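Just so it is clear, the values below take in all heavy atoms, side chains as well, and ignore hydrogens, waters and symmetry mates. Just so it is clear: chains get the letters A, B, ... in the order the sequence lines come, proteins before strands, and each one is counted from 1.
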Amino acid sequence: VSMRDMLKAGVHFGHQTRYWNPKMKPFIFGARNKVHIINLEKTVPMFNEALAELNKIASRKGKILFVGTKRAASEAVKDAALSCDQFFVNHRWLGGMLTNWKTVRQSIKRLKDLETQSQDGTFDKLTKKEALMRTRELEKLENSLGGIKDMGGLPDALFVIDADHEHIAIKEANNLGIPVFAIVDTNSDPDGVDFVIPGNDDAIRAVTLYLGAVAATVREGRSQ
RNA sequence: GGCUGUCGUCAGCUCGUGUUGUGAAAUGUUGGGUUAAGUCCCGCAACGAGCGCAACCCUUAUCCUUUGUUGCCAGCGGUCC
Ligand SMILES: [Mg+2]
Ligand SMILES: [Mg+2]
Ligand SMILES: [Mg+2]
Ligand SMILES: [Mg+2]
Ligand SMILES: [Mg+2]
Ligand SMILES: [Mg+2]
(Lines give C-alpha, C1' and ligand atoms only; values in the text may rest on other atoms or scores of the structure.)
(Ligands and ions follow the chains in the order given, each with its own letter.)
Protein backbone atom coordinates (compact mmCIF):
# COMPACT_ATOMS: atom_id res chain seq x y z
CA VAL A 1 0.00 0.00 0.00
CA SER A 2 1.03 3.63 -0.51
CA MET A 3 0.34 6.80 1.46
CA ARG A 4 -1.00 8.52 -1.65
CA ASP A 5 -3.41 5.65 -2.29
CA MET A 6 -4.59 5.89 1.30
CA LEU A 7 -5.06 9.65 1.07
CA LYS A 8 -7.04 9.54 -2.17
CA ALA A 9 -9.11 6.76 -0.57
CA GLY A 10 -9.94 9.07 2.34
CA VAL A 11 -8.22 6.92 4.99
CA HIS A 12 -6.96 10.02 6.83
CA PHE A 13 -10.44 11.27 7.76
CA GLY A 14 -11.24 10.65 11.41
CA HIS A 15 -14.35 11.65 13.31
CA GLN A 16 -15.30 14.96 14.85
CA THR A 17 -13.01 16.04 17.67
CA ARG A 18 -15.73 16.01 20.33
CA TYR A 19 -16.15 12.24 19.77
CA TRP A 20 -12.49 11.24 19.87
CA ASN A 21 -11.08 8.57 22.12
CA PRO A 22 -8.10 10.17 23.90
CA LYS A 23 -6.19 6.90 23.53
CA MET A 24 -6.16 7.62 19.79
CA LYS A 25 -3.96 10.68 20.38
CA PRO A 26 -0.67 9.13 19.12
CA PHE A 27 -2.26 8.41 15.72
CA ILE A 28 -3.91 11.83 15.29
CA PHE A 29 -2.13 14.31 13.04
CA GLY A 30 -4.36 17.30 13.84
CA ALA A 31 -7.80 18.78 13.20
CA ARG A 32 -9.49 20.28 10.14
CA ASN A 33 -12.85 22.03 10.69
CA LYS A 34 -13.41 20.30 14.05
CA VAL A 35 -12.59 16.87 12.57
CA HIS A 36 -9.58 14.78 13.53
CA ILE A 37 -7.07 13.90 10.82
CA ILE A 38 -5.29 10.57 11.17
CA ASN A 39 -1.51 10.49 10.69
CA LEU A 40 -0.93 8.28 7.66
CA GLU A 41 2.75 8.19 8.62
CA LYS A 42 1.64 5.93 11.46
CA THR A 43 -1.01 4.17 9.39
CA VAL A 44 1.24 2.95 6.56
CA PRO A 45 3.87 1.08 8.64
CA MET A 46 1.30 -0.26 11.10
CA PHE A 47 -0.86 -1.55 8.26
CA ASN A 48 2.21 -3.07 6.61
CA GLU A 49 3.10 -4.89 9.83
CA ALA A 50 -0.48 -6.17 10.14
CA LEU A 51 -0.23 -7.31 6.52
CA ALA A 52 2.97 -9.25 7.18
CA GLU A 53 1.54 -10.94 10.28
CA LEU A 54 -1.65 -11.86 8.40
CA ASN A 55 0.46 -13.19 5.54
CA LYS A 56 2.26 -15.44 8.02
CA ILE A 57 -1.06 -16.62 9.46
CA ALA A 58 -2.42 -17.48 6.00
CA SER A 59 0.88 -19.23 5.26
CA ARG A 60 0.50 -21.56 8.23
CA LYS A 61 -2.87 -22.59 6.71
CA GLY A 62 -4.81 -20.40 9.15
CA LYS A 63 -8.41 -19.22 9.08
CA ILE A 64 -9.03 -15.48 9.09
CA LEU A 65 -12.48 -14.28 10.16
CA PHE A 66 -13.39 -10.98 8.49
CA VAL A 67 -15.84 -9.01 10.66
CA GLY A 68 -17.66 -5.98 9.36
CA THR A 69 -21.38 -5.37 9.81
CA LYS A 70 -21.69 -1.66 9.03
CA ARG A 71 -23.97 -1.07 6.04
CA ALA A 72 -21.01 0.40 4.14
CA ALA A 73 -18.74 -2.58 4.87
CA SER A 74 -21.02 -5.62 4.68
CA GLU A 75 -20.99 -6.50 0.98
CA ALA A 76 -17.35 -5.46 0.68
CA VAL A 77 -16.24 -7.69 3.56
CA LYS A 78 -18.26 -10.59 2.12
CA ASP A 79 -16.60 -10.17 -1.28
CA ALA A 80 -13.15 -9.83 0.27
CA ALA A 81 -13.49 -12.95 2.44
CA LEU A 82 -14.89 -14.98 -0.45
CA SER A 83 -12.23 -13.88 -2.96
CA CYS A 84 -9.49 -15.07 -0.60
CA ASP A 85 -11.18 -18.30 0.57
CA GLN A 86 -11.80 -17.02 4.10
CA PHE A 87 -14.69 -16.56 6.49
CA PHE A 88 -16.74 -13.51 7.28
CA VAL A 89 -19.53 -12.08 9.43
CA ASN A 90 -21.17 -9.22 7.59
CA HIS A 91 -24.48 -9.01 9.46
CA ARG A 92 -25.07 -8.57 13.20
CA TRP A 93 -22.48 -10.35 15.31
CA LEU A 94 -24.14 -12.96 17.50
CA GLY A 95 -23.04 -12.58 21.11
CA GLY A 96 -21.05 -15.69 21.91
CA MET A 97 -20.27 -16.66 18.32
CA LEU A 98 -16.78 -17.62 19.50
CA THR A 99 -16.92 -17.95 23.30
CA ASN A 100 -20.11 -20.04 22.91
CA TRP A 101 -19.00 -21.84 19.75
CA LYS A 102 -20.19 -25.20 21.11
CA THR A 103 -23.72 -23.80 20.95
CA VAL A 104 -23.50 -21.73 17.76
CA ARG A 105 -22.07 -24.64 15.76
CA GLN A 106 -25.40 -26.40 16.34
CA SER A 107 -27.17 -23.59 14.46
CA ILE A 108 -24.53 -23.90 11.75
CA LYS A 109 -25.41 -27.60 11.52
CA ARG A 110 -29.09 -26.69 11.27
CA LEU A 111 -28.16 -24.32 8.43
CA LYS A 112 -26.47 -27.22 6.64
CA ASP A 113 -29.56 -29.41 7.10
CA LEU A 114 -31.99 -26.76 5.87
CA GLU A 115 -29.80 -26.10 2.84
CA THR A 116 -29.86 -29.77 1.85
CA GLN A 117 -33.62 -29.87 2.41
CA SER A 118 -33.79 -26.95 0.00
CA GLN A 119 -31.76 -28.93 -2.58
CA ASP A 120 -33.20 -32.38 -1.80
CA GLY A 121 -36.88 -31.91 -2.53
CA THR A 122 -37.77 -32.55 1.12
CA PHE A 123 -39.53 -29.17 1.01
CA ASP A 124 -42.14 -30.54 -1.44
CA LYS A 125 -43.52 -33.00 1.14
CA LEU A 126 -44.18 -29.99 3.34
CA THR A 127 -47.51 -28.35 4.01
CA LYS A 128 -46.71 -25.28 1.83
CA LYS A 129 -46.75 -22.83 4.75
CA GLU A 130 -44.10 -24.93 6.51
CA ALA A 131 -41.98 -24.69 3.37
CA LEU A 132 -42.11 -20.92 3.83
CA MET A 133 -41.36 -21.32 7.55
CA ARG A 134 -38.26 -23.41 6.86
CA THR A 135 -37.27 -21.04 4.06
CA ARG A 136 -37.46 -18.16 6.53
CA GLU A 137 -35.35 -20.10 9.01
CA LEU A 138 -32.83 -21.01 6.29
CA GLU A 139 -32.63 -17.39 5.15
CA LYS A 140 -32.15 -16.00 8.65
CA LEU A 141 -29.49 -18.58 9.46
CA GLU A 142 -27.85 -17.67 6.14
CA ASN A 143 -27.94 -13.98 7.04
CA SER A 144 -26.23 -14.58 10.38
CA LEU A 145 -24.00 -17.63 9.81
CA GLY A 146 -23.55 -18.04 6.05
CA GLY A 147 -20.01 -16.70 6.12
CA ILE A 148 -18.75 -19.11 8.80
CA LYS A 149 -20.63 -22.26 7.80
CA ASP A 150 -17.42 -24.05 6.76
CA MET A 151 -15.07 -22.45 9.32
CA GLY A 152 -15.30 -25.68 11.28
CA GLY A 153 -13.74 -24.28 14.43
CA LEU A 154 -12.24 -21.23 16.03
CA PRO A 155 -10.35 -18.96 13.61
CA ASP A 156 -6.71 -18.05 14.06
CA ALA A 157 -7.24 -14.32 13.50
CA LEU A 158 -9.96 -11.70 13.27
CA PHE A 159 -9.79 -8.81 10.81
CA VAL A 160 -12.21 -6.18 12.02
CA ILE A 161 -13.62 -3.05 10.40
CA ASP A 162 -14.59 -0.44 13.03
CA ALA A 163 -13.29 -1.72 16.37
CA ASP A 164 -15.89 0.39 18.23
CA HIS A 165 -18.87 -1.14 16.41
CA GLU A 166 -17.46 -4.67 16.68
CA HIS A 167 -16.50 -4.42 20.33
CA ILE A 168 -18.26 -7.69 21.18
CA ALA A 169 -16.27 -9.66 18.61
CA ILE A 170 -13.01 -8.03 19.78
CA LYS A 171 -13.88 -8.94 23.37
CA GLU A 172 -14.63 -12.54 22.42
CA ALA A 173 -11.34 -12.88 20.54
CA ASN A 174 -9.46 -11.42 23.51
CA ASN A 175 -11.18 -13.90 25.81
CA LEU A 176 -10.08 -16.80 23.59
CA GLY A 177 -6.62 -15.42 22.83
CA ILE A 178 -7.26 -14.96 19.10
CA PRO A 179 -5.21 -12.10 17.57
CA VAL A 180 -7.28 -9.14 16.39
CA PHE A 181 -6.43 -6.87 13.45
CA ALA A 182 -8.70 -3.85 13.30
CA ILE A 183 -9.26 -0.55 11.56
CA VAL A 184 -9.42 1.77 14.56
CA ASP A 185 -11.01 5.13 13.81
CA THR A 186 -10.42 8.18 16.00
CA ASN A 187 -13.54 7.61 18.11
CA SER A 188 -12.61 4.04 18.98
CA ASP A 189 -10.75 2.16 21.69
CA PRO A 190 -7.54 0.46 20.47
CA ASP A 191 -7.02 -1.49 23.71
CA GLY A 192 -8.38 -4.86 22.65
CA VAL A 193 -6.64 -4.87 19.26
CA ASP A 194 -3.29 -6.58 18.85
CA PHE A 195 -2.59 -5.02 15.44
CA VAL A 196 -4.06 -1.52 15.39
CA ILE A 197 -4.58 0.14 12.02
CA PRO A 198 -5.60 3.80 12.50
CA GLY A 199 -7.92 4.88 9.74
CA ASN A 200 -11.39 5.75 8.51
CA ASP A 201 -13.83 2.85 8.89
CA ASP A 202 -16.92 4.53 7.42
CA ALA A 203 -16.22 5.35 3.77
CA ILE A 204 -16.42 2.48 1.29
CA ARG A 205 -13.28 3.57 -0.55
CA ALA A 206 -11.02 3.18 2.49
CA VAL A 207 -12.76 -0.02 3.62
CA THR A 208 -12.32 -1.61 0.20
CA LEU A 209 -8.68 -0.56 0.15
CA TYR A 210 -8.03 -2.27 3.49
CA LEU A 211 -9.98 -5.37 2.47
CA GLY A 212 -8.39 -5.74 -0.95
CA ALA A 213 -4.97 -5.51 0.63
CA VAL A 214 -5.79 -8.07 3.33
CA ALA A 215 -7.32 -10.48 0.80
CA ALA A 216 -4.28 -10.19 -1.46
CA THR A 217 -1.93 -10.69 1.49
CA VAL A 218 -3.69 -13.85 2.66
CA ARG A 219 -3.82 -15.07 -0.95
CA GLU A 220 -0.05 -14.66 -1.20
CA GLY A 221 0.34 -16.42 2.14
CA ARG A 222 -1.70 -19.35 0.89
CA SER A 223 0.01 -19.43 -2.52
CA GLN A 224 3.41 -19.26 -0.84
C1' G B 1 -48.64 -42.92 48.62
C1' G B 2 -52.59 -42.27 45.55
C1' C B 3 -56.46 -39.17 44.28
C1' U B 4 -58.74 -34.06 44.39
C1' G B 5 -59.86 -28.79 44.93
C1' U B 6 -57.65 -23.90 44.22
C1' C B 7 -55.27 -19.60 42.08
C1' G B 8 -56.45 -20.56 36.64
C1' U B 9 -57.12 -22.79 30.93
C1' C B 10 -54.26 -17.38 33.92
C1' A B 11 -49.74 -16.99 30.16
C1' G B 12 -46.72 -17.89 32.33
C1' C B 13 -42.45 -21.10 34.59
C1' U B 14 -37.44 -22.59 33.68
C1' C B 15 -32.73 -24.71 32.09
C1' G B 16 -27.85 -25.53 29.40
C1' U B 17 -23.94 -22.90 27.47
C1' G B 18 -22.09 -17.97 26.86
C1' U B 19 -21.54 -13.11 28.93
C1' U B 20 -22.21 -9.20 33.18
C1' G B 21 -21.64 -8.57 38.62
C1' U B 22 -16.84 -9.41 44.65
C1' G B 23 -21.83 -11.49 45.43
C1' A B 24 -27.24 -12.44 46.27
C1' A B 25 -28.23 -12.35 41.15
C1' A B 26 -28.76 -10.58 35.97
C1' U B 27 -29.20 -11.47 30.73
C1' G B 28 -31.94 -14.70 27.64
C1' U B 29 -37.65 -13.96 29.20
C1' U B 30 -36.41 -6.93 28.45
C1' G B 31 -37.37 -3.28 23.93
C1' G B 32 -40.75 -1.55 18.94
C1' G B 33 -44.94 -3.54 17.07
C1' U B 34 -48.55 -7.51 17.04
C1' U B 35 -51.62 -11.70 19.15
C1' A B 36 -56.45 -15.22 22.62
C1' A B 37 -51.49 -16.60 23.74
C1' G B 38 -43.46 -15.90 26.20
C1' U B 39 -48.51 -15.69 19.35
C1' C B 40 -45.50 -13.97 15.68
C1' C B 41 -42.06 -10.33 13.31
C1' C B 42 -38.17 -6.87 13.96
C1' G B 43 -34.33 -5.58 17.22
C1' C B 44 -30.90 -7.24 20.73
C1' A B 45 -24.73 -10.29 24.74
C1' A B 46 -26.95 -13.57 23.89
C1' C B 47 -27.13 -18.51 21.42
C1' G B 48 -30.20 -22.41 22.10
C1' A B 49 -33.65 -25.78 24.74
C1' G B 50 -37.74 -27.71 27.90
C1' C B 51 -42.66 -27.45 30.45
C1' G B 52 -46.71 -24.50 29.32
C1' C B 53 -49.75 -21.53 24.29
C1' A B 54 -51.22 -23.62 19.57
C1' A B 55 -51.76 -28.16 16.74
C1' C B 56 -52.73 -33.54 16.92
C1' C B 57 -58.37 -36.04 19.90
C1' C B 58 -64.11 -36.01 20.57
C1' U B 59 -68.49 -33.44 19.02
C1' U B 60 -71.39 -29.97 15.94
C1' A B 61 -72.48 -27.16 10.99
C1' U B 62 -71.72 -28.49 4.40
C1' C B 63 -70.66 -32.07 0.69
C1' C B 64 -68.96 -36.80 -1.75
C1' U B 65 -68.28 -42.46 -1.87
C1' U B 66 -69.75 -47.25 0.01
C1' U B 67 -73.63 -50.26 2.14
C1' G B 68 -79.40 -50.45 2.49
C1' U B 69 -82.39 -53.35 7.64
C1' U B 70 -85.19 -53.28 11.98
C1' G B 71 -84.28 -47.25 9.02
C1' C B 72 -86.28 -44.34 3.93
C1' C B 73 -90.55 -43.50 0.02
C1' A B 74 -89.07 -39.59 -5.29
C1' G B 75 -90.71 -42.36 -9.63
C1' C B 76 -94.22 -46.95 -11.14
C1' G B 77 -98.52 -50.79 -9.99
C1' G B 78 -101.86 -52.47 -6.20
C1' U B 79 -104.76 -51.05 -1.62
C1' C B 80 -108.35 -53.07 3.73
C1' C B 81 -105.81 -45.84 3.29
MG1 LIG C 1 -41.57 -14.12 33.51
MG1 LIG D 1 -34.97 -12.83 34.56
MG1 LIG E 1 -41.77 -5.26 23.58
MG1 LIG F 1 -43.96 -20.64 23.21
MG1 LIG G 1 -35.80 -11.06 22.85
MG1 LIG H 1 -53.79 -26.90 23.81
Would B:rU66 and B:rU67 pass the stacking test, six-membered ring centres less than 5.5 Å apart and planes less than 30 degrees? yes

Considering every strand and a 4.0 Å limit on heavy-atom distances, what is the contact class for A:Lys109: base, sugar-phosphate, or nothing? nothing

5'-most contact on RNA chain B (nearest-nucleotide basis), A:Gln106 vs A:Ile168, goes to A:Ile168

Side-chain heavy atoms under 4.5 angstrom apart, residues restricted to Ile, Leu, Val, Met, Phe, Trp, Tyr: same cluster for A:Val218 and A:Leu209? yes

Can you tell me, in whole Å, how much space there is between the P of B:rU59 and that of B:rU69? 26 Å

Name the stems that RNA chain B belongs to, where each is three or more consecutive Watson-Crick or G-U pairs with both distances under 3.5 Å? B:12-17 with B:46-51, B:18-20 with B:25-27, B:31-33 with B:40-42

Could you give the distance separating B:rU35 and B:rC7 at their P atoms, to the nearest angstrom? 28 Å

Can you confirm whether more than 12 heavy atoms, excluding those of A:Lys23, are under 6.0 Å from its NZ atom? yes

For A:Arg136, report the nucleic acid contact type (base, sugar-phosphate, nothing); a contact means any heavy atom under 4.0 Å. sugar-phosphate

If you measure only the distance, is there a donor-acceptor pair under 3.5 Å linking the side chains of A:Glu166 and A:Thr69? yes

So, north or south for the sugar of B:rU66, given that a negative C1'-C2'-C3'-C4' angle means south? north

Side-chain H-bond candidate by donor/acceptor type, A:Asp164 with A:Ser188, under 3.5 Å: no

Kindly check the sign of the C1'-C2'-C3'-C4' torsion at B:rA11 and name the resulting pucker, north or south. south

Could you measure between the two P atoms, the one in B:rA11 and the one in B:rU17, and give it in whole Å? 32 Å

Is it true that B:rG28 and B:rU29 stack, with six-membered ring centres under 5.5 angstrom apart and planes under 30°? yes

Identify, via the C1'-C2'-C3'-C4' dihedral, which side the sugar of B:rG68 sits on: north or south. south

If I read the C1'-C2'-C3'-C4' torsion for B:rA74, does it come out on the north side (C3'-endo) or the south side (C2'-endo)? north

Between A:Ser144 and A:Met133, which residue's closest nucleotide on RNA chain B lies nearer the 5′ terminus? A:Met133

Footprint ends on RNA chain B, 5' to 3', for atoms under 4.0 angstrom from a heavy atom of chain A, come out as B:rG16 to B:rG48

Using a cut-off of 4.0 Å on non-hydrogen atoms, how would the nucleic acid contact of A:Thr103 be classed: base, sugar-phosphate, or nothing? base

B:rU30: north vs south, judged on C1'-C2'-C3'-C4': north

